[PDB]
């Protein structure tokens, strides 16, 4: 075992603007990760999800990574090393990048992005399937008013 950290990014955005939030892994166990699934929740009244991209800690993401954005307000992530050993997640870094657009109607304020349902996190210690606790640190998009571009020394 024992425990690793999933950090959901805290980022700033403007009304109508876009924003990319990273999902980071740290304290990845020395034996690596063979698979993990979890869901996040976002404020769909406030934010329009555009896309989800695999991070650079994932080797061969077309074979090993997927996401499911079909439940509005939620995103489901799935990593599983097809090769069963050759493409574990072996160190921390960026697991995925989520792009949102702040809707034109959204108030200034803070919109949390949280751990929802956590499934299994596991790795192969010496080819024995070993469970790993995933410690989540929730994130957010802070929507702030844009300073105007034009100003005058008066």
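Residue numbers count along the first chain shown, from 1.
Participant: Which is higher in the entry, the mean Cα B factor of 120-128 or that of 36-44?
Facilitator: Between 36-44 and 120-128, it is 120-128.
Participant: Taking the mean of the C-alpha B-factors per stretch from the entry, tell me the winner out of 108-116 and 27-35.
Facilitator: Mean CA B-factor is higher for 27-35.
Participant: Going by the entry, which of 67, 60, 70, 99 has the most elevated CA B factor?
Facilitator: So the option with the highest C-alpha B-factor is 60.
Participant: Splitting the chain's C-alpha B-factors into thirds, which one does residue 1 fall into?
Facilitator: Highest third of the chain for residue 1's C-alpha B-factor.
Participant: Relative to the other modelled residues in the chain, which third contains the C-alpha temperature factor of residue 12: lowest, middle or highest?
Facilitator: Middle third of the chain for residue 12's C-alpha B-factor.
Participant: Ranking the modelled residues of this chain by C-alpha B-factor as given in the entry, is residue 80 in the lowest, middle or highest third?
Facilitator: According to the entry, residue 80 has a C-alpha B-factor in the chain's middle third.
Participant: Mind checking which third residue 144 falls in for C-alpha B-factor across the chain?
Facilitator: Highest third - that is where residue 144 ends up once the chain's C-alpha B-factors are sorted.
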